[PDB]
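**Student:** Starting off with a structure, shown below.
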Amino acid sequence: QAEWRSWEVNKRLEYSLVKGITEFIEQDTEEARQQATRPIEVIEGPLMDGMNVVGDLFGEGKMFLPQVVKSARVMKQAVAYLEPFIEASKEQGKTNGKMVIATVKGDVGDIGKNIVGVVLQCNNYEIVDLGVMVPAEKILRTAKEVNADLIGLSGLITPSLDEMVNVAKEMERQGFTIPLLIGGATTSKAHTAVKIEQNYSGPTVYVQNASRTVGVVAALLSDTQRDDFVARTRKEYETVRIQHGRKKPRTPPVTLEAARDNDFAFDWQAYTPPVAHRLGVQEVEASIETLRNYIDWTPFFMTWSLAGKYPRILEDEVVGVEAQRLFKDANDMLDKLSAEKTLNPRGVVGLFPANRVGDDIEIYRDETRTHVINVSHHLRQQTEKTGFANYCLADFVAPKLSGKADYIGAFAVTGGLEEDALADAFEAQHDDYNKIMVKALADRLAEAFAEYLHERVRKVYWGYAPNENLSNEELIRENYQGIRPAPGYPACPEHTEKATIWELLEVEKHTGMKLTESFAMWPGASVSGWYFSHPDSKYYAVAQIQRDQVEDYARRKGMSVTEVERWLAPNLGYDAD
Ligand code: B12
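As numbered in UniProt numbering, residues 651 to 1227 make up the sequence shown, in order.
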């Protein structure tokens, strides 16, 4: 009554690993210990071997991320049984190199990091994950105390960039030699090699994904390749360094008053903005169930390094089946999560009468437009345009002078508060796979709410398009009137406004959601942003803004020209000073 249950305990483990079979993992790694002289053998023996297979497979493209992390789960849970035996014993094994991984300062994005985390322990490296919002201080300090071979920083929103760069200067100033590895949503070949590398005398590499992380972490710890690599990269980052400062025959940059002059043209006297049916701050609620439908799974599969869009990915050739299998496992966890009610999304919406003044929107107390309670600020494209507007989000709102009644809204949500709680649980039982799952869904769940609310606002709450029945697949294409710009995106790069949002809706109170040093959000699975109704409104990016606007924004916000240059760094069309 079994099958593989009659093999040598060593082939048994080696197989249970690849397949990712954890139901015998305890008594299997055990028995193999009794038949082994010293604890550490079952590790460098069956297990370690089980992993090279995965790795072999992963390479020909037979296996995938979903399973890999899944095999690790076994791999870990085994070493997690020999803790007391391996410890109280001889030598206790070794690795290819120990690494300090961490989500930089003020940032709370960590999914891509765990993956890299796990993908590396899967090639036998020791990974010390400090977590998120970690001081450039605690990163290197630990780099020191645990004698790491290389520091890895992870970033997600714009503000983090200045953190990494603050970390390199620190690595330059603190005389560090090891290699700096930088990654995350925001990092790029270019950004690393323009503003980061040239601050760290040591090797400073940028990698695009956990797969390629291994190739670099290899070369960077190779008695051979190291010298031959760091050097190929230094000279590579130079090439791109000089191609980005060629100041290509670029469209000359216009003056802040010119652009502003060339504003979004529209006859407002003739147009009457849709009265927002429901004025006021409201706390909405939706169960996972409700949300499930609105989930755009694509990003999900991109989270799990499975390329392609859904549902086309399911019928894919090389990866399709797994995509199917991965896709199931999730839904499965979702079912559980929706029933027991252990991960509940929350959210808060709101609609306030507004109007346009300069490049900002004025939010009004009551229908009277007598008292200003909050001012949403927006930047304005500052390149030379002809025939087209110099788009500035505020334009899509009936100015003050037109005395026309226009409106604006905002929201914030989250796939659940218990996100972190549930995540840690899996860390506990060493379930990397499920740790990364619960998070990847919360997101989907979060991102999901945003779509739902928006639709409901579009339908009910604001009520300008009550007879709307687009499909989920259509909602994914933005086939509706109006947008929902959110702080950070190119349409409105200034992250601090998320504060204002928190203010209007008093997020903290209705959802518990919070904001951090770098105006990121907690839980990680969160989405906040603005609601615009005017039909012409589009997600048009800011791009580069000159010195004049930064100043004028300075005042507006009531900040220092410098404090603004920080938060806006990406979009500075002039010399970053
Ligand atoms: C799922 C996602 C989210 C999630 C959450 C992730 C989290 N916080 O835990 C949700 C939907 C909730 C979210 C929220 C936000 N987001 Co978002 N999001 C995405 C999306 C669809 C997918 C990328 C993704 O997350 N991949 C999986 C992960 C985390 O992988 P990854 O970062 O790519 O990691 C891979 C490698 O980069 C690597 N890497 C990672 N770390 C390291 C470390 C080292 C050391 C090395 C060598 C390599 C490495 O590991 C991975 C592969 O093996 C992107 C897509 C895109 N299309 O570019 C935007 C995007 C990242 N988001 C963006 C922004 C604007 C925001 C918010 C401010 C929005 C809001 N609501 O107002 C907030 C973030 C604040 C917060 N959460 O506190 C921007 C960033 C632009 C900016 N602001 O500067 C992007 C690029 C959108 C665009 N086109 O501009 N987001």
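C-beta: ideal position from N, C-alpha, C; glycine also.
Going straight from the alpha carbon of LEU831 to that of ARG882, what length do you get?
**Tutor:** Straight-line Cα distance between these residues: approximately 15 Å.
**Student:** Consider the C-beta atom of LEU1103 and the heavy atoms of the ligand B12; say whether any pair is separated by less than 7 Å.
**Tutor:** No, the beta carbon of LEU1103 sits no closer than 7 Å to any heavy atom of the ligand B12.
**Student:** Going by the beta-carbon positions, is the gap between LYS1085 and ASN859 smaller than 8 Å?
**Tutor:** Not closer than 8 Å, so no.
**Student:** Under 8 Å, do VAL998 and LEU1155 count as touching if we go by C-beta distance?
**Tutor:** Contact: yes.
**Student:** Considering only the alpha carbon of each residue, which of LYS819, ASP877 and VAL866 lies closest to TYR850?
**Tutor:** The option with the nearest alpha carbon to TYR850 is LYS819.
**Student:** Just checking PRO1140 against the ligand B12 - is the residue's beta carbon closer than 7 Å to any of the ligand's heavy atoms?
**Tutor:** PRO1140: yes, Cβ under 7 Å from the ligand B12.
**Student:** Under the rule that 16 or more other beta-carbon atoms within 10 Å means buried, what is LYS839, buried or exposed?
**Tutor:** So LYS839 counts as exposed.
**Student:** Once DSSP output is grouped into helix, strand and coil, what is the label at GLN1194?
**Tutor:** It is coil, neither helix nor strand.
**Student:** Ignoring anything shorter than 4 residues, give me the alpha helix (DSSP H) runs that lie fully in the segment 845-909, in order along the chain.
**Tutor:** The segment 845-909 contains these whole alpha helix (DSSP H) runs: 860-869 and 875-893.
**Student:** What runs of the alpha helix (DSSP H), each 4 residues or longer, lie entirely inside the segment 933-1014?
**Tutor:** Here the runs fully enclosed are 938-942, 947-953 and 970-986.
**Student:** In this structure, does DSSP put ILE828 in helix, strand or coil?
**Tutor:** Correct three-state label for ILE828: coil.
**Student:** According to DSSP, is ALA915 part of a helix, a strand, or is it coil?
**Tutor:** Coil at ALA915, not helix or strand.
**Student:** I'd like to know whether the C-beta atoms of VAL766 and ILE751 end up nearer to each other than 8 Å.
**Tutor:** In this structure, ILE751 lies closer than 8 Å to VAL766 by Cβ.
**Student:** Using beta-carbon positions only, say whether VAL1177 and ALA1136 come within less than 8 Å of one another.
**Tutor:** Their beta carbons are under 8 Å apart, which means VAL1177 touches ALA1136 by this criterion.
**Student:** Starting from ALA1096 and walking both ways along the alpha helix (DSSP H), at which residues does that stretch end?
**Tutor:** Taken as a continuous stretch (DSSP letters only), the alpha helix (DSSP H) holding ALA1096 covers 1082-1109.
**Student:** For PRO1143 versus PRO1220, is the C-beta spacing smaller than 8 Å?
**Tutor:** Cβ distance < 8 Å, so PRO1143 and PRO1220 count as in contact.
**Student:** CB-CB under 6 Å to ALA1039, same chain, minus the five flanking residues each way: which ones, in chain order?
**Tutor:** Excluding sequence neighbours, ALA1039 sits near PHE914.
**Student:** Work out the CA separation of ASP779 and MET701 for me, nearest whole Å.
**Tutor:** One C-alpha to the other measures close to 21 Å.
**Student:** What is the DSSP secondary structure of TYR1057, reduced to helix, strand or coil?
**Tutor:** Correct three-state label for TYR1057: strand.
**Student:** Is DSSP giving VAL1025 helix, strand or coil here?
**Tutor:** It is a strand residue.
**Student:** For the ligand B12, I want to know if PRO1137 counts as a neighbour, meaning its beta carbon is within less than 7 Å of at least one of the ligand's heavy atoms.
**Tutor:** For the ligand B12, at least one heavy atom lies less than 7 Å from the Cβ of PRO1137.
**Student:** Would the C-beta of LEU831 count as close to the ligand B12, meaning under 7 Å from any of its heavy atoms?
**Tutor:** Yes.
**Student:** Would you tell me roughly how many angstroms separate the C-alpha atoms of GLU653 and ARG662, rounded to the nearest one?
**Tutor:** The straight-line gap from Cα to Cα measures roughly 10 Å.
**Student:** If I follow the unbroken alpha helix (DSSP H) through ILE693, where does it start and stop?
**Tutor:** No alpha helix (DSSP H) holds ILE693; DSSP gives it neither H nor E.
**Student:** Determine the contact status of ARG896 and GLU935, defining contact as a CB-CB distance below 8 Å.
**Tutor:** Cβ atoms of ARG896 and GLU935: not closer than 8 Å.
**Student:** Report whether the distance from the Cβ of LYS1164 to the nearest heavy atom of the ligand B12 is below 7 Å.
**Tutor:** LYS1164: no, Cβ never under 7 Å from the ligand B12.
**Student:** Which of the three DSSP states, helix, strand or coil, is assigned to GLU653?
**Tutor:** In this structure, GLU653 counts as coil in the three-state DSSP scheme.
**Student:** In chain order, what residues of the same chain have a beta carbon less than 6 Å from the beta carbon of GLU1077, not counting five sequence neighbours either side?
**Tutor:** So the list reads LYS1085, once near-sequence residues are dropped.
**Student:** Alpha carbon to alpha carbon, how far is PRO1049 from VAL1007? Give it in angstroms, no decimals.
**Tutor:** Going by the C-alpha atoms only, they are around 6 Å apart.
**Student:** Nearer than 7 Å: is that true of the beta carbon of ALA1149 relative to any heavy atom of the ligand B12?
**Tutor:** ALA1149: no, Cβ never under 7 Å from the ligand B12.
**Student:** Exposed or buried, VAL1110, counting other C-beta atoms within 10 Å across all chains shown (16 or more means buried)?
**Tutor:** Classification of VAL1110: exposed, given that the 10 Å Cβ count is below 16.
**Student:** With a threshold of 7 Å, establish whether the CB of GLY802 neighbours any heavy atom of the ligand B12.
**Tutor:** Yes - the ligand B12 has a heavy atom lying nearer than 7 Å to the Cβ of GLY802.
**Student:** Could you tell me which residues DSSP puts in a beta bridge with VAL778?
**Tutor:** The partner list for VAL778 (beta bridge, DSSP) reads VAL750.
**Student:** Using DSSP with H/G/I as helix, E/B as strand and the rest coil, what is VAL1063?
**Tutor:** Of the three classes helix, strand and coil, the one that applies to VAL1063 here is strand, per DSSP.
**Student:** Going by Cα to Cα distance, which pick from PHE879, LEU964 and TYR1102 is closest to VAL855?
**Tutor:** The option with the nearest alpha carbon to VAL855 is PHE879.
**Student:** Which residues bound the alpha helix (DSSP H) around residue 1228?
**Tutor:** Since the first residue of the chain shown is 651 and the last is 1227, residue 1228 is not available in this structure.
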